[PDB]
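Here you'll find one protein chain in two forms, each presented separately as structure tokens under the names structure 1 and structure 2.
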Structure 1
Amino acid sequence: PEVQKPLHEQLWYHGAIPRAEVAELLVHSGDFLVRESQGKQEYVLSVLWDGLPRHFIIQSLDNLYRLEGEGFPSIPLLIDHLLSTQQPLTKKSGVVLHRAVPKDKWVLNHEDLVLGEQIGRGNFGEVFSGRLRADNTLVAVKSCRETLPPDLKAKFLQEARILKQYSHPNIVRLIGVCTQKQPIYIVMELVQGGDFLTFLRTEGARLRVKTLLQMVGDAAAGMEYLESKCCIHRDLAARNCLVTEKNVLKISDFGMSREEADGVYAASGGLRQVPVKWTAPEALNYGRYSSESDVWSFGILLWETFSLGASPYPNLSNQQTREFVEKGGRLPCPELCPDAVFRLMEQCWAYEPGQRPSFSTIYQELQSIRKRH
């Protein structure tokens, strides 16, 4: 029976989840969960009341857990008491429990995972290879440095929030989220061939034009899917795409990605290390991100592909690149780039976002070009 299970096996115990996720989960008055305060090193009962989460420290003495009333030898017993009696958590607050909010299917225990070697560094910190102990599934593990500013750490679970919703052959699969203890991890499929930029540079002259077109076609299919889900990626670049053992491309690094039903994300203005040279002018100038700015990014990706991993605007700083683009400046046609592909790239970088092609158009055009290779 449930109440006899340890706290760490309870459906309504959410461990090290951050406050922003708590606020997401607590929807109706009386919705609650129990978690660990990483700072205070105490258990906390978080409950929605008058529209906002309220956080109550669970006291312990003589191995009995309590608030301002009776004590119990376990937190599940305390929770059962409060729920069954409908007693306010404190006389002063009047807060009453109504509904235990359970973990979703994506939560993974730390004990389910073994971390391997570092494979990358992202904006939040290191990315590791790893394995699931139950079956030896190889995984990629995204971590978050503790010293990052609170406002940025609050964005760490965005990649998981987004990828939980998706399933497509050209988008990296989420496996789980390790939020029951610190350190918190996001666990994804391991795409064994690594990043596409390194692939282009390493395999270089071995790659046939037909293969290059299939790989950017994969990217285009991934982007068409994301658009269909109202997802604006914002960080599309060759180095953020991964290559499988069979040279299938998958889009990765969703940390910046935003879901917007009406198709436009207005940036905070506070983003650091913005990928300027991959970003559309309206996105930088006015903070307007959309699938149309992702199309701009896609044009840069196409340039990266057909240059076999050249660095864009190599003789310009980020500020100089913005000034260059405002003057009409664009990247030159790579030697190996078919005329039709360059024409498409040029359309991706139309100054006005409304003049850029759709991802469906891009995918169909790339496919038609490949069929003559």
Structure 2
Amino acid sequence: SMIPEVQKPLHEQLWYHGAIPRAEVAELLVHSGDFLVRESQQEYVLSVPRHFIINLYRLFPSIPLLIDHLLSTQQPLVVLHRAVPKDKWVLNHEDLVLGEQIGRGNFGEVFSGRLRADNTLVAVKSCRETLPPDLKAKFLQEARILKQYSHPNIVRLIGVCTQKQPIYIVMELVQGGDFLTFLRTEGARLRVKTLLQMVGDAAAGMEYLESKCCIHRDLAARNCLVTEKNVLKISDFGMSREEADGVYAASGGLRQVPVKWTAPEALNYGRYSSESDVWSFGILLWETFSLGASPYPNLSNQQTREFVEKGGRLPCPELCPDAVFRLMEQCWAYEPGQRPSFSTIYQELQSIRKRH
């Protein structure tokens, strides 16, 4: 026989969304009488986008019994109509075994972990609760973006733990760590063919992102990851934006700008595009063929801005193939329209590699 749904603990209900933030609630609640139950940051809340605060329960000995009573009787709390399910990416906290810290970003710590069910190693991005509300409201962007994608050179989303605090975004673990560190530790033994393959991987990922109308905005060696087989994957989509018509205009307040990787029109006018990511790609090429040198090492960020405005660019690294440097130079055209596309860049890199 079957256990009735209403006899199940709240924790198990498809329409219990736990620690789902407000922004997400409003998105999920679409039609009249759509509803879900969630927890207040011991109060539970029946959201229908009206928010009704819930040993009995009312507005029954359990909350599922209350919802069923309401739904089945159409009694006014507003009348409930349709319970709204968690989407397929939601993962319970108990499905994840958290491990040690592996990095930090502007939202807080990143940890390794394992899925309890099959031991899959994962990366777990966390959000510090003490951050400003406008920032915390952006935390789930990386999940919203990555839910849509599947590519060998893009970090895979595994799940989202929004049933309780602290909220996590769970992704594949790319076990060789960041590409900048990789270049600085392994660089002396790396062949040029390998470097070409790895920036080829990056170009493949970026071509994919352009095809999805995604603008990354923080492309750099530090934000790419390397597998144990030297495959490169693009990560840290915290700054990324999706724009159907190709341009993201910076909104409003202060921004964190990685100045030495950022195109002039992005840095000074907040015009971001696949073209501005192409500039960043050129910097990534320079990082790679210099085996992890810091760009413009003798200039502060303000100085680099002025240097670049005057037509200054990074020098050719020693032993960088000439076709690779020419491509860099094209990536750093002042006018965004004069830069090559990621499709063009990937083709060129594949051509250069095949001739090596």
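Residues are numbered by position in structure 1's sequence, first residue being 1. By rigid core we mean the largest C-alpha set that fits within 1.5 Å across both forms.
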State which of the options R206, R272, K105, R133 undergoes a Cα shift of 2 Å or more between structures 1 and 2, taking the core as fixed.
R272
Residue shift check between structures 1 and 2, rigid core fit, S84 Cα at least 2 Å:
yes
Core superposed, what is the CA shift for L316 between structures 1 and 2, in angstrom?
1.4
Cα shift between structures 1 and 2 at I119, which is computed once both forms share a superposed rigid core (Å):
0.7
